[PDB]
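Cβ atoms come from the backbone with ideal geometry, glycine included; neighbour counts cover every protein chain shown. What follows draws every value from the coordinates through simple rules; no lab data is involved.
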Number of protein chains: 2
Amino acid sequence: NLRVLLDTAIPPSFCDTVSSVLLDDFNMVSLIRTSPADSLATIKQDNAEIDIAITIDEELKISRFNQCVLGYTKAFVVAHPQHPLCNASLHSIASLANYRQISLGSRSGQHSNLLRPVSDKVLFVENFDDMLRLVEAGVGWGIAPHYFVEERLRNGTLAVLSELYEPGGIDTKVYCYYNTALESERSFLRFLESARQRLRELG
Amino acid sequence: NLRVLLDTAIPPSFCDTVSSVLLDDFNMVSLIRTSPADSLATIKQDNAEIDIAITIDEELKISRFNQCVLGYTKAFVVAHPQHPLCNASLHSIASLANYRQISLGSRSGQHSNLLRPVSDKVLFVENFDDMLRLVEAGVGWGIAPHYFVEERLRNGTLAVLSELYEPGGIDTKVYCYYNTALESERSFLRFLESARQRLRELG
Ligand SMILES: N#CCc1ccc(OC[C@@H](O)Cn2cnc3ccc(Cl)cc3c2=O)cc1
Ligand SMILES: N#CCc1ccc(OC[C@@H](O)Cn2cnc3ccc(Cl)cc3c2=O)cc1
């Protein structure tokens, strides 16, 4: 009985080639979604008995778990096309700390260095859809995975601000936190390669 | 009079296409090398009057400076080919926290989350050459830029441990910390693109 956690920032499609692989080796496989901001909070609860977590969030050592890199995914800073900072200049990008940010909140109330909001003017939400609702309505700017803002960008309903900061979008590591048991377990190594293979393709 | 800081982790070659560009626009251009672990410590000293810093080190806001991404470079965990952990398994990689690490030290004595040593058994050095001296002699393992360990790897004098953690080597962002003045300054934007172009090629 394997239990896998995937945060909202992982493409849902990524699951496709992965869950096939696990199911070839494991007979029961449970899949769980959390906010990127709740992933690590969740695996630390011992009763949660999570075996593997795929998440963008980073911490330097979780008691029962080793860490490794599955690959990279792109996220963008986005606002209402006629947001003040729409011109996307370097002065614009510096000033994100002053303008209202739509951030993912956390059960634990606390945030990693990676996921903490950057502005004093913050408005917390439980998922990216809620976030992008308020960003379309010009309530604030937010940062969200490619696969969320892909549609709304071509539709002209949202504008990118991030390009002069990180051209091509903000590259962000997809980490795999795994219960120590699964080191020297050919099942997990089998998963690890196909998972990497899969996430290279989505690039 | 421009003053640019490049840490040891930046390929020396990167300077080539860059310093040409700056010199087309700026008439005096001073180039300074520090340890990655001293880069940000240095620019914070006000008398240091650094205008631009190219460094792998990360912090969330430095008073007088904005941040952006120039691109990505690869670093590897390396040891003596017959180091205990030479087999490079996931149990090996987890155990790096127990075996002696050769780390870059810092004037400020303190380290960023990114650059802090991961093991209790640490031996500090001022540069990568000193580091790789002691790692060849099996004194410990260390992590160093590609361009340092490139030679010693083909020569069989050093072995990679990092592959099952991050296949292809540990991708690490090259950041550009720049004095706020240089936002809305076509000279700097001119530098910013060629710098990105240059560092894409070195990939
Ligand atoms: N232009 C610009 C640069 C810029 C980048 C990040 C900025 O802050 C966002 C922070 O609130 C927390 N953060 C950071 N990196 C993430 C990566 C991926 C994903 Cl999916 C979510 C996040 C995320 O929430 C601000 C400015
Ligand atoms: N196998 C394995 C995974 C692993 C990665 C880093 C590990 O820790 C190194 C730390 O001491 C501080 N660090 C982190 N990332 C760096 C990136 C580039 C460069 Cl050039 C230097 C550094 C660096 O010194 C340990 C294990």
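Things to note:
- Single condition B:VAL135 does not satisfy, out of (1) surrounded by fewer than 18 Cβ atoms within 10 Å (Cβ to Cβ); (2) more than 16 Å from ligand 1 (Cβ to nearest atom): (1)
- Identity of the residue in the range A:100-119, out of contact with any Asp or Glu (no Cβ under 7 Å at 6 or more places or on another chain), among the small types (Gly, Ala, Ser) and surrounded by 15 or more Cβ atoms within 10 Å (Cβ to Cβ), that ends up nearest to B:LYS61 (Cα to Cα): A:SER119
- Among the residues listed as B:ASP25, B:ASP16, B:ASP46, the single one being out of contact with any strand residue (DSSP E or B) (no Cβ under 8 Å at 6 or more places or on another chain), away from ligand 2 (no atom under 14 Å from the Cβ) and without any contact (Cβ under 8 Å) to a residue 60 or more places away in the chain: B:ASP46
- Verdict on A:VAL118 being within 11 Å of ligand 1 (Cβ to nearest atom) and within 14 Å of chain B (Cβ to nearest Cβ): yes
- The lone exception for B:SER106 - which of (1) in contact with a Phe, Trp or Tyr (Cβ under 9 Å, 6 or more places away or on another chain); (2) more than 9 Å from ligand 2 (Cβ to nearest atom); (3) within 25 Å of A:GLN67 (Cα to Cα) it fails: (3)
- In the range A:72-99, the residues that are surrounded by 18 or more Cβ atoms within 10 Å (Cβ to Cβ) and assigned to a loop (DSSP other than H, G, I, E, B): A:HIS80, A:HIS83
- When residues of the range B:189-203 are limited to those that are in contact (Cβ under 8 Å) with a residue 60 or more places away in the chain and among the hydrophobic types (A, V, I, L, M, F, W, C), the one farthest from the other protein chains (Cβ to nearest Cβ): B:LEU202
- Considering (1) closer than 30 Å to A:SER30 by Cα; (2) in contact with a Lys or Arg (Cβ under 9 Å, 6 or more places away or on another chain), the lone condition that A:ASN66 does not fulfil carries the number (2).
- With respect to (1) part of a loop (DSSP other than H, G, I, E, B); (2) within 14 Å of ligand 2 (Cβ to nearest atom); (3) touching a helix residue (DSSP H, G or I) at 6+ places or on another chain (Cβ under 9 Å), the lone exception for B:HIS111 is condition (3).
- Subset tally (residues that are over 17 Å from B:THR172 (Cα atoms), within 11 Å of another protein chain (Cβ to nearest Cβ) and either without any contact (Cβ under 8 Å) to a residue 24 or more places away in the chain or within 16 Å of ligand 1 (Cβ to nearest atom) (or both)) for the range B:96-113: 1
- Scanning the range B:48-69 finds no residues that are at negative phi, within 13 Å of another protein chain (Cβ to nearest Cβ), in a helix (DSSP H, G or I) and crowded, with 19+ Cβ neighbours inside 10 Å.
- Residue list for the range A:146-185, restricted to those being within 14 Å of another protein chain (Cβ to nearest Cβ) and assigned to a loop (DSSP other than H, G, I, E, B): A:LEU161, A:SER162, A:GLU163, A:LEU164, A:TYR165, A:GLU166, A:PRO167, A:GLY168, A:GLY169, A:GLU183, A:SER184, A:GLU185
- In the range B:130-142, the condition of being within 12 Å of ligand 2 (Cβ to nearest atom) and closer than 30 Å to A:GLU166 by Cβ is met by at least one residue.
- Checking each residue in the range B:74-105 for being of a type in the set (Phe, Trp, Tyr) and within 16 Å of B:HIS146 (Cα to Cα) picks out only B:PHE76.
- Hits in the range B:114-145 (condition: over 18 Å from B:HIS80 (Cβ atoms) and free of Cβ contacts under 8 Å to residues at least 40 places away in the same chain): B:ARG116, B:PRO117, B:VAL118, B:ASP120, B:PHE124
- Just one of the listed residues (B:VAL125, B:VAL174, B:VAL149, B:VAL139) is among the aliphatic types (A, V, I, L, M) and more than 15 Å from the chain's Cα centre (by Cα), and it is B:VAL139.
- Applying the condition of being over 24 Å from B:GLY203 (Cβ atoms) and outside any helix (DSSP H, G or I) to the range B:8-36 and asking which residue is farthest from the chain's Cα centre (by Cα) yields B:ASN27.
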